[PDB]
């Protein structure tokens, strides 16, 4: 999942698990069934704990639990997302984590490719630095100066895939849709962009992130499609109002755009075995 996806997941987890007391957490399969995550034994020794907040910044989700008996020394459940990471209220396939709340309330975390990570920490100072390793949230933050792109002599598609330089949240399909809407060649360097192109880029960044956030079914939160429709959306980017009721792929994973123009499966970003495919239309971008 990505920015709008992870953020929406937090909203759902906030709806069902905020104020709820987590008594136990069990990793029944995957990487964390072979080796325990960092700070696991200390976290279990402090259970049960009460969830206070579930907040995100881009592609990083974390729980904030505390003890009614002691308010201080609150714990944090870090959770980075891979490609097939999904939270759920039921034990779906590839269920890697099981969270046992009070009154038989259950939370499940599924991950097929096992690329998602978990980390437990009772330090707030460590969390603040982790968030500072990530750029501004393109979805949740409305005041992001993206004029910093002009300083980089690198492809714009690589700068948007980056999570520290300009901002965090954007993934593979988002940057493909954004660059298409703004009519920008992904090969074009950020230092060659115009002041108008910059202002136009920031618009579509807000447009695509909000549209992907208000959506109910894209294909990366299948375990929460029923919950996405039974919950409202936070008013991120108030001045931006998409026309679509649902996020449709205009150029990502398609032979042609809605107009019929040719779409290239180009490999601009990455090397060796971490190459990524950037879909784009030369007749538009």
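Numbering follows the first chain given and starts at 1.
In this entry, 268 to 276 shows the higher mean Cα temperature factor of the pair 5 to 13 and 268 to 276. The PDB entry records a higher mean C-alpha B factor for 136 to 144 than for its counterpart among 173 to 181 and 136 to 144. Highest C-alpha temperature factor among 71, 164, 113, 119, as the PDB entry reports it: 71. When the CA B factors of the chain's modelled residues are split into thirds, the value for residue 191 lands in the middle one. When the modelled residues of the chain are ordered by C-alpha B-factor, residue 260 sits in the middle third. Per-chain ranking of the deposited C-alpha B factor places residue 105 in the middle third. The entry lists a Cα temperature factor for residue 149 that places it in the highest third of the chain's modelled residues. In the PDB entry, residue 88 places in the middle third of its chain by CA B-factor.
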